[PDB]
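In the block that follows, a single chain appears as structure tokens, in the form deposited in one PDB entry.
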């Protein structure tokens, strides 16, 4: 059972809007909105969205597998060996948020301070003592972006696995000689860094010049989660505030995806007339170029929605019904909707490009969608005894002042996959977990969970106290 199976199962259910059913429903972890900092929903005057993996949740593992296949085919097309075609995407290997070390060709899972939690070279998981030869302090400087790439998005899941496939392949292929920083093939040397750049370039190519979008829109039922409760929630948001879309995707792709997401024989509720997707938004903005969007952005353009092309010129006019914007900046939203940052709840899946930057640069309120939580929540509750034992071993070890702690850690971790939970390895939290807590005011497996809370709900989190204040 993948996380998108869970999401689709919940998506197939109709909305029972009886108040008692809602309060009962939101009590379950799977339909709950989790709270890092308190948020009074009554103060939210605008609800903003991105599209990919928020409104349009791509089904797993089918969509990752499609991206993987097209990326592999692109690398073979530009000269990588034919054996790449025998790879097959494996969803049990990658966890989101790993760091690829382009110097030594390792995938690393790290905590918020750069400490190594897991290190894998190809499919070989390197134990603590052996990692010290390359990482003397079992530590990396995350900000060295020339060396380290953080695979933070769900679009990065296929290349996370592909990097490991490639390192495994070249390590074990007799044509090549393994070296510390790459592979030697006579008079040719392929560094892990150039290999990584080829993979990155190929992933980009597949999304923007290849056939990924075409293959997606020709079979949207296979590739995109669909929920009849989406127009109900958006119609309810529009009753109490304004609603906007700000996506990096272009208008033609947005229109195809959004049309599918709203393709029901009804509108907000069963029995109601169908309405076009654009009617649910007070402001539609494509080609957003986030995260630059939250700084100076780009010039504001207007989409000719008949042709899908940009009109000639910078758009200088006002908000008009039916207009579609392109580029601009977050100040465009605030100006055209008459909003301040804390009036806005921005709902997205990119922990950096959506959530971190809108929080840090503009003081927007933030809702992080984490699709994998729809399944991680099931593992967490089902194996709570593993974690509880780990807590007790940690307390026992501290007051006593080992191999049992590592074994339980491994067993707990493997329930999530070969690279463990998105949020921790054993008792140690990941960088990703830390960023969620620090920058996502609210988070959930799906933003649909807002449907189960009344219009003026007060999301509450306990106040933080310093050690000397307790």
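Residue numbers count along the first chain shown, from 1.
The protein also exists as the form solved in complex with a small molecule; that form is not presented, and the subsequent description refers to it.
Determine which one of 329-337, 74-82, 199-207, 276-284 lies within 4.5 Å of the small molecule in the bound PDB entry, judging by heavy atom distances; exactly one does. Comparing against the small molecule in the bound PDB entry, the contact stretch is 199-207.
301, 213, 121, 147: which sits within 4.5 Å of the small molecule in the bound PDB entry by any heavy atom? Contact check passes for 213.
Under a 4.5 angstroms heavy atom criterion, identify the one residue in 358, 106, 95, 247 near the small molecule in the bound PDB entry. Among 358, 106, 95, 247, a heavy atom within 4.5 Å of the small molecule in the bound PDB entry occurs only for 247.
So in the bound PDB entry, does residue 290 come within 4.5 Å of the small molecule, heavy atom to heavy atom? Yes, residue 290 sits close enough to the small molecule in the bound PDB entry that at least one of its heavy atoms falls within 4.5 Å.
Should residue 101 be counted as a contact of the small molecule in the bound PDB entry, where contact means heavy atoms within 4.5 Å? Contact check for residue 101: no, nothing within 4.5 Å of the small molecule in the bound PDB entry.
Hey, in the bound PDB entry, is residue 51 touching the small molecule, heavy atoms inside 4.5 Å? Yes, residue 51 lies within 4.5 Å of the small molecule in the bound PDB entry.
The small molecule contact at residue 155 in the bound PDB entry, heavy atom, 4.5 Å: It does: once the small molecule is placed as it appears in the bound PDB entry, residue 155 has a heavy atom within 4.5 Å of it.
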